[PDB]
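Descriptive structure summary
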Amino acid sequence: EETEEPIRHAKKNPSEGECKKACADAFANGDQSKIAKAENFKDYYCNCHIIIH
């Protein structure tokens, strides 16, 4: 079960990889195993898919 969370990324249109890294940094301090995927939500926003369990 994942939860969506649009975070603020420092890039107008970050690539999903950039987003995943940011979602990782901001949520797991860099760990990308807590993040299923991330994708551009809007300008400077990435929708993080946070894996709860």
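Residues numbered from 1 in each chain as written, not as in the entry; some residues may be left out. Heavy atoms only, no water.

Per the PDB record, the structure was determined using solution NMR.

As a further point, take the overall build of the protein. Within the protein, the secondary structure is distributed over one helix and three strands. Put simply, the protein runs from its N terminus to its C terminus through helices and strands in the order β-α-β-β. Its C-alpha atoms give the protein a radius of gyration of 10 Å, near enough to 10 Å, the size a compact globule of 53 residues would have. Reported as C-alpha extents along the three principal axes, the dimensions of the protein are approximately 30 × 20 × 15 Å. Here the protein holds 53 residues, and the buried ones make up 25% of them. Sequence-distant contacts in the protein: of pairs separated by 6 or more residues, those separated by 24 or more amount to 45%. Looking at the protein as shown, the accessible area adds up to about 3,500 Å², and 46% of this sits on carbon and sulfur atoms. The positive charge centre, built from 8 side chains, and the negative charge centre, built from 10, are 7 Å apart in the protein. (Helix = DSSP H or I, 4+ residues; strand = E, 2+ residues; numbered from the N terminus. Rg over C-alpha atoms; globule rule 2.2 N^0.38 Å. Buried < 20%, exposed > 50% of the residue type's maximum accessible area, 1.4 Å probe, protein only. Contact = heavy atoms within 4.5 Å. Areas by Shrake-Rupley, 256 points an atom, 1.4 Å probe, with all protein chains shown as cover. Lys, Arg positive; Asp, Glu negative; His and termini not counted. Charge placed at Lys NZ, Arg CZ, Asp CG, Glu CD.)

Position of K11 relative to the elements: it lies in the loop between β1 (2–8) and α1 (16–28). A distance of 2.6 Å separates a polar atom in the side chain of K11 from a polar atom in the side chain of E18. (Polar contact = N/O pair within 3.5 Å; in protein donor to acceptor, adjacent residues only side chain to side chain.)

With that settled, the discussion passes to the nonpolar core. By size, the foremost hydrophobic cluster in this structure holds nine residues: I7, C19, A22, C23, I35, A38, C46, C48 and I50. Sorting the residues of this core by element identifies α1, β2 (35–42) and β3 (45–51) as the ones contributing at least two each. If we ignore the near neighbours within four places in the chain, the residues touching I7 are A22, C23, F27, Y44, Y45, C46 and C48. (Core = buried A, V, L, I, M, F, W, Y, C linked by side-chain atoms within 4.5 Å.)

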